[PDB]
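Read the single chain below, which is given as structure tokens and is the form deposited in one PDB entry.
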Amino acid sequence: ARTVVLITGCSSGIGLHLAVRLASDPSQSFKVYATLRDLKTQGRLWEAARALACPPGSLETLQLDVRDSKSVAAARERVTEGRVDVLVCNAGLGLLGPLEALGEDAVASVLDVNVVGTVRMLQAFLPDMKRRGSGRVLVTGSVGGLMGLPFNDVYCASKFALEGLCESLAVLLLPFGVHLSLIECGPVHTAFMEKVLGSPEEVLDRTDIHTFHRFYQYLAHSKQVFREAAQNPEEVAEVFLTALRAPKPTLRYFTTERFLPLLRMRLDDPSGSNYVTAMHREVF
């Protein structure tokens, strides 16, 4: 009788807060499969489930590495109810630093998890939704998928890629009754903002002094933007529930309107000149 939800990337942040928001819903409408790359990281998902008092049987954890199509197929197999009514593609990696300072493996990894991983989910789960003629897909997006940010070149590349992927799919899926939406997040208060950049010694080793200095300047500024604009994952989760509930969902939901001016400026000078000038000024 329940809405079956499968979420990727639940060990922390938005995926964690969404899974237990859904599982602990006063109305008990949702059966949640919360998936994680590594089950050793599953504790917080249980600390928090106990805190919001999720009913027994509301929340099931599954191991699911989105780099591995056999792992995607094994997690699907484990969906006893034999359908997924809501698929949430949220697993993601960050990467921050001078481009020439990033390892080639890390670059490939970010693309594999953020982009190919989402493809793998969609390949494995869309066919059955198209046949039932129903289903909702919610993809965690970013404002860095809508505008480019210095030192986030690869991260932005992976989030722009998701815009292209999802927008392309949406044009097709429209008459199938399968709804795909991006939830476009600005800065969110989670953990992310030191885990994903090397040591100062490492970075200086791999770039010039002037680039290093501009990286410090970007970081300082980034910290201020987070301090003034970062939303909690509670607020973010609730936008996913809005999309999930809309009878006619749009391709994009924004968790904040704050960056929509910047976006408009981007969008009305397609030479990119005004955007690049404005953002250079703003960051540096």
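Under this definition, the rigid core comprises the largest set of C-alpha atoms superposing within 1.5 Å between the forms. Residues that one form lacks are left out of the comparison. Sequential numbering from 1, following the sequence displayed.
Although it is not shown, the form deposited in another entry is what the next lines describe.
Student: Which listed residue, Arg83, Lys195, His210, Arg131, is the one whose CA shifts 2 angstroms or more between this form and the one not shown with the rigid core aligned?
Tutor: So the residue whose C-alpha moves 2 Å or more is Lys195.
Student: Please check whether, in that other deposited form, the CA atoms of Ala220 and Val196 lie closer or farther apart than here, given a change of 3 Å or more.
Tutor: Nearer in that other deposited form, by 3 Å or more.
Student: Did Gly198 and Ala229 drift closer or farther in that other deposited form, going by a CA distance change of 3 angstroms or more?
Tutor: Closer is correct, given that in that other deposited form the C-alpha spacing of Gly198 to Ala229 is reduced by at least 3 Å.
Student: Superposing on the core, what residue ranges of at least 3 consecutive positions move by 2 angstroms or more in Cα between this form and the one not shown?
Tutor: CA shift run, sole hit: 190-199.
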